[PDB]
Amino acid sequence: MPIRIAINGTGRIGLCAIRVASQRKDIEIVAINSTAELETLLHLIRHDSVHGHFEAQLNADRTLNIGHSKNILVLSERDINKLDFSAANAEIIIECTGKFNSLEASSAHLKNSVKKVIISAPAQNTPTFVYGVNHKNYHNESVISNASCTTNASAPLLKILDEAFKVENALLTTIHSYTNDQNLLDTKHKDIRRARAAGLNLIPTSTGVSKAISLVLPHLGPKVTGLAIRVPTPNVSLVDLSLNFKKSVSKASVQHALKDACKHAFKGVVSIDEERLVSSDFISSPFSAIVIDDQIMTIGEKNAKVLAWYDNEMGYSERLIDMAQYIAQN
């Protein structure tokens, strides 16, 4: 029988996760919890200003029908203690609200049938896994973190380039689309930079790169750091790695080491663009990272710059469900 999952929270990642899971034959969405009215949640699933239209229907009994999940229960309960996925016999939760990004909080989902919780974000005191990077070290933990979108795109490249060349140090900048933690106009915010209109401004913003890499590539954590700059695009982001290696490198050798890993250890996770595309071309791309082959450069013997695209919504949502598949069986 398909793996029975429930989606908690229907903002950006919630909506993407639904749409991704709906296209996986080996998955069944049995429930969704949404603070949106039912009709609104349907509307939002169907119609996206960035990703386009999607086929979704309502059954007479007021369940949703989307691709291979034909009987989705819809719930609307903010309080996690009253929320009961058991009712639909959910095995695994993808937690997408942003309000329970900790081990303590998200454990509350574990009840009758519910045995596993994947958090759509970094999470306090929470074992953290990134498909293709350290996911094979999964050992039946009941509550995990799928990390940030930026780690899913950065950690692969770091692994690959470390295994090929040994990373001594690296600096990361992510040029990131604006997300719902930002403001439409200049108003109150706990961060006085993200207070400012997202669509008008370049907005530097601190992001815990060292800590993130520590969880999934511990030997590299103390050697890598960086930051983010939020920019006026609605989706699709760009990671910019500046790396110092132990072994000498060239444009050619870095290119080769990346292409090779896309054929082997990172098939379906990392890709290469040779066609000189731009951000909008990666809307809805399933990859954790698409390397920008023609812009790879080196300087001196040991240093290189590597760029890669990632759809911070869909790429990550693909990985969410990939990981659901993976931990349902292992």
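From 1 onward, residues are counted along the sequence shown.
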Q | Unresolved residue 220 in a third or more of other entries flanked by modelled residues | A | no
Note to self: Among the other entries of this protein that were compared (only those with both neighbours built), does residue 84 lack coordinates in at least a third?
What the structure shows: no
Comparing mean C-alpha B factor in the record for 73-81 and 171-179, the higher one is 73-81
Assert higher mean C-alpha B factor (141-149 or 108-116, deposited values) equals 108-116
From 127, 98, 226, 122, the top C-alpha temperature factor is at 127
Top Cα B-factor in this entry, restricted to 237, 86, 201, 187, sits on 86
In terms of its chain's C-alpha B-factors, the third that includes residue 317 is the middle
Residue 276: CA B-factor among chain residues, third -> middle
Among the modelled residues of its chain, the C-alpha B-factor of residue 34 falls in the third labelled middle
Here the Cα B-factor of residue 191, set against its chain, lands in the third termed lowest
Here the Cα B-factor of residue 27, set against its chain, lands in the third termed highest
